[PDB]
């Protein structure tokens, strides 16, 4: 909403005089904004026709203001009646059956979700962590000890396997968040970080580690590129040869991600994940 956006933009440029004691329109707009984020009714980044993802910067600014509005406090519920110390509440703070019923996702103990992360109906949260401003769309599977970092956009039917980490991107304002598009399968122990994008229907194997510094290599040609996995890619862990050692015909090889197949919606629908990864 246009009024909220206006209040947040002005407030953020005046943020040095926003603090735990602030009330009025600024506290209300920031509060409302994070509520809208929590319900997925607005999102940090959205895909345009043009097929690219655009940042809604005012939403990152709302999140940043909430740090100023909200105090560090003792947060009960640790082992032996002990406590934590932080300034971000659980998404599930005060939730009863009414709220869980309405949201329609599964939240397995002891998963952690911070307020302002949207979890869509039919998502399954195994013990895992979903950070501020994230958007986890319908039917997503967030497996054990996975992580959905700040502002991260996780598509419909995405499977984040055990120990998969999707890196957070809050600051800078302009910086696009990490994006896993609709219907990707991401194998166990993989990491995608730093505003990298995995396009729709891709299949990553285990131990695929993509950040802004990772060579993503075309199997056919050796073409090296960064930051983006094309649609319907099959990507596995591998290496590229390095310089040979003085006077010898061999050297160490270095990690890269390897695109082993550039497939198809049709093919993805006709071919199992394991078939894709095997032959």
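Positions refer to the first chain, counted from 1.
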query	finding
Comparing 102-110 with 173-181, the one whose average Cα B-factor in the PDB entry is higher	173-181
Given 146-154 and 80-88, the range whose Cα B-factors average higher in the PDB entry	80-88
From 244, 233, 32, 66, residue of greatest CA B-factor	244
Residue of maximum C-alpha B factor among 254, 37, 220, 62, per deposited coordinates	220
Among modelled residues of the same chain, the CA temperature factor third for residue 73	highest
Among modelled residues of the same chain, the CA temperature factor third for residue 240	middle
